[PDB]
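Convention: sequence-line order gives letters A, B, ...; per-chain numbering from 1. Heavy atoms only: backbone and side chains are in, while hydrogens, waters and symmetry mates are out.
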There are 2 protein chains.
Amino acid sequence: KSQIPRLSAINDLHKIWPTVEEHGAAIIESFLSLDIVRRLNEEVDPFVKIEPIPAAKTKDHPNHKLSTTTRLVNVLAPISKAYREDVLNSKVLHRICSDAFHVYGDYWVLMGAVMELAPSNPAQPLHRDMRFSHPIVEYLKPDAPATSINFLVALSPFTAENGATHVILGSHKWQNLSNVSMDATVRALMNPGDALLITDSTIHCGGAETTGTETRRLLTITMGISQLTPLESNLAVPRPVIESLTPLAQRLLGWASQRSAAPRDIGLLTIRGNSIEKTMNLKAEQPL
Amino acid sequence: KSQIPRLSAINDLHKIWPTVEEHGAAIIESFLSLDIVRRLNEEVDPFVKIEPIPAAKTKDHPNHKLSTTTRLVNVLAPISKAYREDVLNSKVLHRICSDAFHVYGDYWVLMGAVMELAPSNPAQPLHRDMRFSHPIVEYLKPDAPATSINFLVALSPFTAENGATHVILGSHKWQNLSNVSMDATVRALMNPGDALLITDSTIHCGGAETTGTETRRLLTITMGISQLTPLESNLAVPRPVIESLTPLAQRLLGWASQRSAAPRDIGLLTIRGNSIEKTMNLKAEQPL
Ligand SMILES: CN1C(=O)c2ccccc2NC(=O)[C@@H]1Cc1ccccc1
Ligand SMILES: CN1C(=O)c2ccccc2NC(=O)[C@@H]1Cc1ccccc1
Ligand SMILES: O=C(O)CCC(=O)C(=O)O
Ligand SMILES: O=C(O)CCC(=O)C(=O)O
Ligand code: NI
Ligand code: NI
């Protein structure tokens with residue numbers, strides 16, 4: 001069985017989305033530089049350490065799907081300069097997203113999260129993303145272009161033994177799911193900064209951590225059309241942080257109005273014919 | 001040809017959604033009391049008068065679809081006490097919406113707007129709503145439950161001669177649109193406070209104002225699943241106004257997290273497993 005296609009962020013940029021459209025997955029080598037990875041890791045470190053279990057009794061939106069050996073930290077903009085500057089303005093990310101979502105219009109971040117898996121973390125069940133938040137997605141016709149995609153960026157090594165993600169190539173086009181098996185999977189073996197890119201229809205799962213010693217960490221960026229509601233809110237992010245961002249990053253975080261691709265688009269999140277940013281006189285690129 | 005079914009808000013409440021599901025439209029008689037209509041009208045009056053043309057050159061999200069004799073004012077919560085208290089907490093509205101959207105989960109306001117049509121306003125072309133903002137909707141399978149519905153509430157009389165809305169009954173189930181004609185329509189003749197309820201697949205249009213003297217006004221409330229992005233933003237609504245609302249009204253305006261109907265729903269607009277309202281310590285029902 002064929003392995004996940006591997007592509008250069010630098011040279012193969014126009015090939016990335018076509019590859020995912022065909023195969024349902026691709027590895028983007030050096031999606032983030034080691035410097036960006038180092039900074040992201042340093043900045044999110046304490047927030048990962050303080051994060052409780054996904055279904056902690058203190059939470060009013062517990063996540064009952066993730067294992068108790070998973071820590072997931074979302075709403076990264078207030079935590080990480082590297083995320084809100086380097087990642088949210090990634091030229092590679094934006095080329096891919098505009099390639100993927102042009103039929104629909106603007107896209108934004110549905111969720112940007114760091115996931116850390118403790119040693120001995122079990123494999124997740126094979127799944128498609130979005131089914132525990134956006135039931136609407138299952139009602140889309142089979143030829144509807146993907147309405148979200150997920151960049152699973154390695155922040156530490158992904159190896160067979162430490163639970164590198166499994167994907168089923170071609171499963172984004174499956175309607176009948178009787179052949180869903182771990183027998184059908186291949187692995188996303190990755191170095192820090194590489195990214196596994198999948199669609200919302202790609203069947204995949206986190207792997208089993210079998211060493212008992214290694215802690216695997218990733219940055220998962222679910223990018224989706226601006227017509228779909230994010231899993232996470234940036235409503236509580238301080239205004240000085242928002243005003244430090246680029247206009248593009250502000251839009252990605254829901255601090256701007258949005259547009260569809262409809263010829264005479266009437267817009268999303270507008271205020272009596274004007275944008276959020278015009279109405280609220282939102283500054284951009286103001287240093288902290 | 002059969003007329004639009006007319007139902008009592010008081011007595012026929014459980015019948016309203018089934019009627020719309022079958023026929024694509026229903027008139028809800030006395031949906032709003034005359035007192036609520038009077039207050040809404042008084043409160044929005046000046047904002048309608050100052051509103052420019054839909055595609056005014058001053059706007060960065062011009063609406064190129066509506067006629068130059070249309071004034072549309074959305075983001076009503078800061079303008080109208082009647083809207084944000086009486087309308088957003090309407091028992092009838094909420095029964096209907098929970099009937100309609102239970103398959104998907106929570107619902108919210110995609111747009112609440114007052115539309116005023118000047119004398120001599122022409123008929124709109126026959127259309128389905130949502131196509132100039134949410135192209136995703138056209139990609140839904142035919143048996144997907146409606147993901148949005150629109151309450152067109154009369155704030156003045158709707159007569160044949162003054163441009164009462166046209167609908168095509170049963171057109172919410174049409175796939176082939178070759179028989180779309182004004183020949184196929186019936187009229188929503190309504191008194192102030194009555195509401196025409198349609199789905200996002202019901203083919204309809206504003207009628208021609210033929211008197212040259214009458215000014216028709218309506219309150220259009222597009223309610224949709226919380227998985228779809230609103231056409232309008234309440235991000236700039238003052239915190240004291242938001243904190244005066246019920247928790248339900250806050251959710252409807254995007255000042256709360258949201259839930260899907262998925263068995264182990266992980267939520268929408270959450271912040272590291274907690275809600276917007278818990279995170280921001282958002283008060284409710286605090287008088288102004
Ligand atoms: C539930 N779930 C997440 O929490 C998740 C986490 C990170 C990024 C995307 C994401 N979206 C999802 O739909 C997944 C789905 C899932 C996960 C584990 C086991 C079964 C299903
Ligand atoms: C464009 N458009 C609005 O502006 C509108 C106004 C009020 C409530 C819903 C609404 N949604 C829409 O999709 C309509 C569609 C339309 C209107 C006129 C002519 C052609 C198409
Ligand atoms: O752990 C991984 O590599 C994948 C995680 C995942 O697919 C998910 O949580 O949705
Ligand atoms: O004017 C009316 O009665 C209907 C308006 C309408 O359908 C629209 O603007 O989408
Ligand atoms: Ni997943
Ligand atoms: Ni309409």
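- Checking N162(B) against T211(B) by side-chain atom types alone, no donor-acceptor pair falls below 3.5 Å.
- Taking 4.0 Å as the cut-off between side-chain N and carboxylate O, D183(B) and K1(B) do not count as a salt-bridged pair.
- With a 4.5 Å cut-off on side-chain heavy atoms, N121(B) and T70(B) count as touching.
- A donor-acceptor contact shorter than 3.5 Å links the side chain of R216(B) to the backbone of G163(B).
- Taken from CG in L268(B) to CE in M111(A), the straight-line distance is 11.5 Å, to the nearest 0.5 Å.
- In terms of modelled atom types and a separation under 3.5 Å, the side chain of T229(A) and the main chain of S226(B) share a donor-acceptor contact.
- Figure legend: cation-pi geometry between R251(A) and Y107(A), with NZ or CZ positioned under 6.0 Å from the six-membered ring centre and within 45° of its axis.
- Distance alone, capped at 3.5 Å, places no donor-acceptor pair between the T69(B) side chain and the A118(B) backbone.
- A donor-acceptor distance shorter than 3.5 angstrom exists from the side chain of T270(A) to the backbone of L231(B), with no hydrogens or angles considered.
- Judged by distance alone, with hydrogens and angles left aside, the side-chain atoms of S257(A) form a donor-acceptor pair with the main-chain N or O of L269(A) at under 3.5 Å.
- Remark: side-chain polar atoms of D60(B) are paired, donor with acceptor, to backbone N or O of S275(A) under 3.5 angstrom.
- No side-chain donor-acceptor contact under 3.5 Å links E232(B) to the backbone of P230(B).
- Side-chain atoms of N63(B) come within 3.5 Å of backbone atoms of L66(B) as a donor-acceptor pair (strictly under, hydrogens ignored).
- Judged by distance alone, with hydrogens and angles left aside, the side-chain atoms of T199(B) form no donor-acceptor pair with the main-chain N or O of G24(B) at under 3.5 Å.
- Of the charged side-chain nitrogens involved, at least one lies within less than 4.0 Å of a carboxylate oxygen, so that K59(B) and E51(B) count as a salt-bridged pair.
- With hydrogens and angles ignored, the 3.5 Å screen pairs no side-chain donor or acceptor of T147(B) with any backbone N or O of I225(B).
- Here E116(B) contributes atom CD and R71(B) contributes atom CZ; the two are 9.0 Å apart, rounded to the nearest 0.5 Å.
- Classification of the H127(B)-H204(B) ring pair by plane angle, with boundaries at 30° and 60°, yields perpendicular.
- Between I136(A) and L140(B) there is a side-chain heavy-atom pair separated by less than 4.5 Å.
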